[PDB]
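In the order they appear, the protein sequences are chains A and B. The numbering of the first sequence is UniProt numbering, which starts it at 30 and goes up by one. The numbering of the second sequence is UniProt numbering, which starts it at 733 and goes up by one. Each remark here refers to the structure printed beneath this line.
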Amino acid sequence: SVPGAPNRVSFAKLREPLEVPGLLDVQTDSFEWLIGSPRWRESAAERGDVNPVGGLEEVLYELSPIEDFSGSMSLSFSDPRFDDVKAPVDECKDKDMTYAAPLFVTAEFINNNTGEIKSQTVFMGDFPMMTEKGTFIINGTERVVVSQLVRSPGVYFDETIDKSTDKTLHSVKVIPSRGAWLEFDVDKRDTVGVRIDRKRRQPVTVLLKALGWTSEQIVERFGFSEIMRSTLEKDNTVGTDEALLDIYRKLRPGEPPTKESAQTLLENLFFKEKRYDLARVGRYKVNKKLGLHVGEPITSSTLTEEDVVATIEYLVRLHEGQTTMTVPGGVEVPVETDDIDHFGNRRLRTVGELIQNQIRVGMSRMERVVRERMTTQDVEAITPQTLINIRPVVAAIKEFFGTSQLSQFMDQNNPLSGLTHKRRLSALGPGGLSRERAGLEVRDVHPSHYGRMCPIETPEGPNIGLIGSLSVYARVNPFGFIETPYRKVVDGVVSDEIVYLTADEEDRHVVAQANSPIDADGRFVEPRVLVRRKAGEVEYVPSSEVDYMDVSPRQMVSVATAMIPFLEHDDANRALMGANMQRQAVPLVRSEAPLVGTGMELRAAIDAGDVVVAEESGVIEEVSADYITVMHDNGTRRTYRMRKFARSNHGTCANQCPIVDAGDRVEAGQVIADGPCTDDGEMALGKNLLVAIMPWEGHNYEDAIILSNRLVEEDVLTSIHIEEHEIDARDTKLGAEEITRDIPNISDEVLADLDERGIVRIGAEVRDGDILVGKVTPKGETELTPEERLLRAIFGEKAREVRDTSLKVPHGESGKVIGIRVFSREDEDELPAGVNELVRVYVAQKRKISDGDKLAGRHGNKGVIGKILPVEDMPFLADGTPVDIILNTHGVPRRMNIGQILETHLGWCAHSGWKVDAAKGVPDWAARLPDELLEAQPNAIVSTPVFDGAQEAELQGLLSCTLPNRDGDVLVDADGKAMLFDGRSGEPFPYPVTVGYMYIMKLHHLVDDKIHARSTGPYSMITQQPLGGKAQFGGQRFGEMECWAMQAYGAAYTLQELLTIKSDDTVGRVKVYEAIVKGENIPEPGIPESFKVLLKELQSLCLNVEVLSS
Amino acid sequence: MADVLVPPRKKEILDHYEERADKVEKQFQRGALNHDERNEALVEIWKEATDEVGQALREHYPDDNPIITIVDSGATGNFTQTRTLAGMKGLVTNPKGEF
RNA sequence: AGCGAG
Ligand SMILES: [Mg+2]
């Protein structure tokens, strides 16, 4: 598939019809639609060339034409066009300027009376653009717009049961985009009733007479049910004008009722696009549900009285218990209640949709200012350039791409983390469910999620269910719904035609399962083929005449979950944790492709975008550690420049190194330089370690891990961490801050490394507390104490009148100094207002694995490192090879992630190599093994795809034949367990031990970032109780639960000490410090400062609180 | 994977209880009982099936196996997890709550 | 906002 790839042999018994799609398409295709690029134009024309209109073109078309109140003149917009980006991607990321392109739109002003047209490009602003990797660059930072899951606008029918009567009562909710809700609810009393804009109910006949229906017409249409006749009888409203009067008196009370503002009231509320835009998706959903305008294209999303009438008729028919209705002039549709969580009702607002909505808000604001100024515009003196104000639009875009919750800080711990930050569907944000208001029924898994959203990959905190990951093969409908591919099986004959069905269409079809054996004639080789049906119920099957079949296994899993071998042997909890923990692995220095992996490793690495791929075929002309120049087949040559030791958003390393020689011919799309967590182009998040699964001396107790010292000697679990420190000399009242090596009062030792110009030199090792940037801000005249003046005279110095505010290596940090980036106003570099210089120093440290660091496999088998043993007191096989890691056997059986053990066994086999003895045919357990897997050379990488893989029998067999290491000696019996020698005692352990090779990752929860301590430091502003956080010098919160625990202990003195002198009392604090430093007794504690703050707050609430002495 | 033994009578038990499930499905297809009653009957059938396969697994295991040794020494875990690991996981809950 | 432990 990919031109140059490692030959990872697979245990897969099923061929895949569809190749995995362009995993990043979710973002790039949506943005291309928004822009209206030629690529999107062609893609849409292939599939609906009737009306290809981009997002910006759509916004402009909806906005234009505009006219004033009189309509003497009008303005219009057309032909949006983008100029070339301002600066290249890397330079934009470097100098902190947004990666954007100018946007030009041709305006047109027509004075309807005089008859003049004036057109000119208007420069709507600097539109941020999406990098080819599917991500935005804003203020130098890397950001991702995550798709949002929202309730699709339309008509939703619900039914409930009332306790007071135990009767099934139905309801409808026409949910628009920025409209007014109309909930035709049916109460226990047999009378339908409207509730306009959530206002005190109505009889529906009142609205119908407000729409101008006659009671004869009302019984002509909604006459079949008794509920309707009952409503007409008990309504008591006689006349159209009576209904309109009552409706106006109820909707907008306090103003004098009329006839004009009674009619145009409703007409504007519902049937004018000014206030009730349903949007294209909303109108399409209403039409499909009610079967009104199925044939016609979509336009004028606003409603019609026909729609409301059909909604009422549908609700009443549903209450009666009908099955289908045929609206006059409309195709018949089935009467049934709607499910809000069904993926036929949850639509995706992709990046394009969100950006378009923000453009729409900005354009509405610009439209309003245009209209407001138009009154004060001198006729014939105005042109669109001087009539259009772009500031609201650019302001809206800028406030979206920054501080909008769906514009998230790109998560780059590794290529997989970035890839899965894309393809992420979050059910919360602007116009979406909030964690608090989100119920418990939206977080669950729905049958419609199969193939459209991963049921496994999901946050495990207070976000489970609200955030998910798009499946591998899932695609987004032009309308925002999520489609999934299926093989059309015709007359029991499976085919290759891949139809992309949304959830609704899937429900109407009896869809089969991927692993249904096929007779090789296209037809099912058995009756009783497993299937799913409309209600989401998996049950028995009608043999033959199944309309669709799954494209392939793993259709339901996402990219992260598709990289867990033996997923089917792991409980959903452990699989979920493994998926969420693959994204936390730090990039190691080396990276090794797993012995046991899947088919998703290579594609994930390629599509993540952090691995260099040749654009076009050619012969590598010259390769070096910093760039690769390749000569193409026709004259031209191209140079790819690697990104060496760059810092990612999360502090990790982003090193890229070539993997091609100086003469190799490379085809288009071939990997030519692996990325951070990549090995020969395939993803590599961790290392393969020789593992024993025994309990060892209580050091691997409760999910703790004991590692050999080899892993620290050979430096296999080690990560480069780059940390950036920023400091900017500003303009202050007393003057300006200088960056130089003249820091006041500090000696010539700690001013040693600092360059001639201040900032420290490159390659200068710095430990916590050292000076990076020597800065000196002015102090202004103050009052030196008599003691200090005397001391200065004795030691002959001067006040210097300038304080120090130097940048220093914050506490607990260390490392070399990669490079310094200096921006300066004097050299005319863009900097914020009132700053002269801004210097950033990059400090890199090579972290080695040490106890407290968090490790994990791919099966949710996490754990911190309890101990790092010397290699000599490490269990070693009979051969003499020490084991690298020791997990505990007490964590496997009950957490139900036996898959890891399977992986272990397979890993060992892959490490040793095997030969199935096919002397007399193939063994019965190897009959269905793919050819060429009968023989594997030692250290052979293998793949076990997610839900088709190495069956247990095949693993048993391959474990039996495990061709010997170096002499004739099989270190692992057929059971998979090896006889280990004790490192310390020297005797063999009495029983064999499960030994193998587990691929374990080093998670980004390193103890160096977790350790923190405090004795005294900053104190908060309004209250004492020092600042919290390791970032500051933070004290550990002693909450109310801890204080209750202390009260239960009966320890009154320690609790008083904690809550008074350790935290708040501002006089006993320095006193306790003095007592400790001088050896005196700790003093009596006083009144905490927070209590007096409370007393003042209460008094300022006009509450006379006084502390009576007695 | 060699320390996790499946029960050798599993397929016979599955056949014996799928026969009853098929009988219930026939009965439903002839209008004998409504959807809820058929669902309850099938739930009962498969609950009994899970119980029986669990008993077979329990009686098949040696008393020396690390799995059963850990479970039955009070160290950790219950036998339901062992049955889930080898044998039949049993019925599963609907998202609403039902079986 | 994402994220960790329970
Ligand atoms: Mg824990």
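The beta-carbon is built from N, C-alpha and C at its ideal position, and this holds for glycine as well.
Cβ of B:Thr816 less than 8 Å from any chain A Cβ?
Taking the second sequence and counting its residues from 1, the one referred to as residue 816 of chain B is at position 84. Interface residue, yes.
Can you tell me which of the three DSSP states A:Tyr185 falls into?
Residue 185 of chain A sits at position 156 when you count from the first residue of the first sequence. DSSP places A:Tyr185 in strand when its eight states are reduced to three.
Quick one: is residue 706 of chain B near chain A, going by C-beta distance under 8 Å?
Because chain B spans 733 through 831 in this model, residue 706 of chain B falls outside it and cannot be assessed.
Cβ closer than 7 Å: which chain B residues qualify as neighbours of A:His450?
In the first sequence, the residue the question calls residue 450 of chain A occupies position 421. Correct list: empty, because the minimum Cβ distance to chain B is about 27 Å.
Roughly how many whole angstroms lie between the Cα atoms of A:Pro67 and A:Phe138?
Indexing the first sequence from 1 puts residue 67 of chain A at position 38. Indexing the first sequence from 1 puts residue 138 of chain A at position 109. For A:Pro67 and A:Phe138, the distance between alpha carbons rounds to 29 Å.
Quickly, what does DSSP pair A:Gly892 with across the bridge? List them, please.
Indexing the first sequence from 1 puts residue 892 of chain A at position 863. Its beta-bridge partners are A:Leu884.
For A:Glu981, which residues in chain B fall below 7 Å Cβ to Cβ?
Counting from one through the first sequence, the residue named residue 981 of chain A turns up at place 952. Within chain B, the residues near A:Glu981 are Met733.
Using a beta-carbon distance below 8 Å, is A:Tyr1028 in contact with chain B?
Locating residue 1028 of chain A in the first sequence gives position 999, counting from the first residue. Judged by the 8 Å Cβ criterion, A:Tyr1028 is not in contact with chain B.
At the 8 Å Cβ level, is A:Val474 part of the contact set with chain B, yes or no?
By 1-based counting over the first sequence, the position of residue 474 of chain A is 445. Chain B contact via Cβ: present.
Per the DSSP calculation, A:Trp943 is bridged to which residue(s)?
Here the question's residue 943 of chain A lines up with position 914 in the first sequence. Beta-bridge pairing links A:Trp943 to A:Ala965.
Work out the CA separation of A:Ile735 and A:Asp1038 for me, nearest whole Å.
In the first sequence, counting from the first residue as 1, residue 1038 of chain A sits at position 1009. In the first sequence, counting from the first residue as 1, residue 735 of chain A sits at position 706. Rounded to whole angstroms, A:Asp1038 to A:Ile735 spans 21 Å at the Cα level.
Let me know if A:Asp913 comes out buried or exposed under the rule of 16 or more other beta-carbons within 10 Å of its beta-carbon.
Here residue 913 of chain A refers to the residue found at position 884 when the first sequence is read from its first residue. Its Cβ being crowded by 16 or more others within 10 Å, A:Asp913 is buried.
Who pairs with A:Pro1112 in a beta bridge, going by DSSP?
Taking the first residue of the first sequence as position 1, residue 1112 of chain A is located at position 1083. A:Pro1112 pairs with nothing; no bridge assigned.
Buried or exposed: where does A:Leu104 fall if 16 or more other Cβ atoms within 10 Å of its Cβ makes it buried?
Start at 1 with the first residue of the first sequence, and residue 104 of chain A comes out as number 75. Around the CB of A:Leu104, 16 or more other CB atoms lie within 10 Å, so the residue is classed as buried.
Mapping DSSP to helix, strand and coil, what is A:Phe133?
Taking the first residue of the first sequence as 1, we reach residue 133 of chain A at position 104. Note: A:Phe133 maps to strand in three-state DSSP.
Just reading off the alpha helix (DSSP H) that A:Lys238 is part of, what are its end residues?
Position 209 of the first sequence, counted from the first residue, corresponds to residue 238 of chain A. A:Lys238 -> alpha helix (DSSP H) spans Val233 to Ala239.
Can you round the beta-carbon distance between A:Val539 and A:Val567 to whole angstroms, since I take them to be within the 8 Å contact cut?
What you label residue 539 of chain A is simply residue 510 of the first sequence in a count that begins at 1. What you label residue 567 of chain A is simply residue 538 of the first sequence in a count that begins at 1. The Cβ separation is near 12 Å, so there is no contact.
Buried or exposed for A:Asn442, going by 16 or more other Cβ atoms inside 10 Å?
The residue you call residue 442 of chain A lines up with position 413 of the first sequence. By the 10 Å Cβ count, A:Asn442 comes out buried.
Is B:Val736 close to chain A? Criterion is C-beta to C-beta, closer than 8 Å.
Residue 736 of chain B sits at position 4 when you count from the first residue of the second sequence. Answer yes: the Cβ-Cβ gap between B:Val736 and chain A drops below 8 Å somewhere.
When DSSP builds the beta bridges, which residues end up paired with A:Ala541?
Taking the first residue of the first sequence as 1, we reach residue 541 of chain A at position 512. Note: A:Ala541 sits in a beta bridge opposite A:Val560.
To the nearest angstrom, how far is it from the Cα of A:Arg504 to the Cα of A:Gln874?
Indexing the first sequence from 1 puts residue 504 of chain A at position 475. Indexing the first sequence from 1 puts residue 874 of chain A at position 845. Distance between the alpha carbons of A:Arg504 and A:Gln874 is about 42 Å.
Taking only the alpha-carbon atoms, compute the straight-line gap between A:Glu289 and A:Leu237 and give it to the nearest angstrom.
Indexing the first sequence from 1 puts residue 289 of chain A at position 260. Indexing the first sequence from 1 puts residue 237 of chain A at position 208. Spanning the two alpha carbons is a distance of roughly 18 Å.
Tell me the rounded alpha-carbon separation between A:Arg739 and A:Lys122.
Mapped onto the first sequence, residue 739 of chain A falls at position 710. Mapped onto the first sequence, residue 122 of chain A falls at position 93. A:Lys122 has its alpha-carbon roughly 39 Å from the corresponding atom of A:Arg739.
Do you know how far the Cα of A:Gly1079 is from the Cα of A:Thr1089?
For the purposes of this step, residue 1089 of chain A is taken as residue 1060 along the first sequence, with counting starting at 1. For the purposes of this step, residue 1079 of chain A is taken as residue 1050 along the first sequence, with counting starting at 1. Cα to Cα, the separation comes out at about 17 Å.
In chain order, what residues of the same chain have a beta carbon less than 8 Å from the beta carbon of A:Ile327, not counting five sequence neighbours either side?
Here the question's residue 327 of chain A lines up with position 298 in the first sequence. Excluding sequence neighbours, A:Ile327 sits near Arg309, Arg312, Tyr313 and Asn316.
Determine the DSSP secondary structure at A:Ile547, reduced to helix, strand or coil.
Here residue 547 of chain A refers to the residue found at position 518 of the first sequence. In the structure shown, A:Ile547 sits in a strand (DSSP, three-state: E or B).
Would DSSP call A:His661 helix, strand or coil?
Translated into the one-based positions of the first sequence, residue 661 of chain A becomes position 632. In the structure shown, A:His661 sits in a strand (DSSP, three-state: E or B).
Taking the DSSP output, what are the residues bridged to A:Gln437?
Working through the first sequence from its first residue, we reach residue 437 of chain A at position 408. Paired residue(s): A:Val173.
Using 8 Å as the threshold, is the C-beta distance between A:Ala136 and A:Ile417 below it?
As a first step, residue 136 of chain A is located in the first sequence; it is residue number 107 there, counting from the start. As a first step, residue 417 of chain A is located in the first sequence; it is residue number 388 there, counting from the start. Yes, Cβ-Cβ distance for A:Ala136 and A:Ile417 is below 8 Å.
At a cut of 8 Å, does the stretch 803-813 of chain A reach the stretch 839-847 of chain A through at least three beta carbon pairs?
no
Could you check whether A:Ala614 and A:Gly521 sit closer than 8 Å to each other, using their CB atoms as the reference points?
By one-based count along the first sequence, residue 521 of chain A stands at place 492. By one-based count along the first sequence, residue 614 of chain A stands at place 585. Their beta carbons are not under 8 Å apart, which means A:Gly521 does not touch A:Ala614 by this criterion.
With A:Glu650 as the anchor, note down where its beta strand (DSSP E) starts and where it stops.
On the first sequence, position 621 is the one that residue 650 of chain A refers to. A:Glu650 -> beta strand (DSSP E) spans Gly647 to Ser653.
Out of A:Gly664, A:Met660 and A:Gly704, which has the shortest C-alpha to C-alpha gap to A:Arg672?
By one-based count along the first sequence, residue 672 of chain A stands at place 643. Out of A:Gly664, A:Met660 and A:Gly704, A:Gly704 has the C-alpha closest to the C-alpha of A:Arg672.
In angstroms with no decimal places, state the Cα-to-Cα distance between A:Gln1085 and A:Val1136.
Mapped onto the first sequence, residue 1085 of chain A falls at position 1056. Mapped onto the first sequence, residue 1136 of chain A falls at position 1107. Using only the alpha carbons, I get a separation of about 20 Å.
So A:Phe106 packs on A:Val134, CB below 8 Å; how close in whole Å?
Against the first sequence, residue 106 of chain A aligns to sequence position 77. Against the first sequence, residue 134 of chain A aligns to sequence position 105. Indeed, because the Cβ distance is near 5 Å, the residues count as touching under 8 Å.
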